[PDB]
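With mature numbering (1 follows the signal peptide of the UniProt record, and there is no 0), letter number 8 in the sequence shown gets 8, and the count goes up by one each step, no holes.
Positions of the beta carbon are idealized from the N, C-alpha and C atoms, including for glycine.
What follows is a single structure, written as structure tokens, with notes after it.
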Amino acid sequence: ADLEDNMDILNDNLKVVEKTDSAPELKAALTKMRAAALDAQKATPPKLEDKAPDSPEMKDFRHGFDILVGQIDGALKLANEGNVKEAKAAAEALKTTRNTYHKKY
């Protein structure tokens, strides 16, 4: 249930980064997303429980989170500089990554 929970956290906060025009809100959402992503990355989704932990499908499940975390960190770096409109624009590409990797797992 912790995997759904983290995905829940990820998706709630994706909504925040889409909708907010408050910089601190944007930063707090990016931060919560990062922790949630690293937690989800340790899980095995019910649909791949029968593949090997070592399978390409699992390597690829984890790697989607490496991409997301990289994007989140890039957006935070920008935001923390005060480049918050650019951070929000970068953050628009988060949902896309999540959708690409949530389809194939």
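Given a threshold of 16 other Cβ atoms within 10 Å of its Cβ, counted over all protein chains shown, does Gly82 qualify as buried or as exposed?
exposed
Find out if the Cβ-Cβ distance for the pair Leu48, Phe61 is shorter than 8 Å.
yes
What residue range is occupied by the uninterrupted alpha helix (DSSP H) comprising residue 106?
Residue 106 lies beyond the stretch modelled for the chain, which goes from 1 to 105, so this question has no answer here.
Can you tell me whether DSSP reads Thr44 as helix, strand or coil?
coil
Look at the alpha carbon of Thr20 and the alpha carbon of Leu26, and state the distance between them as a whole number of angstroms.
7 Å
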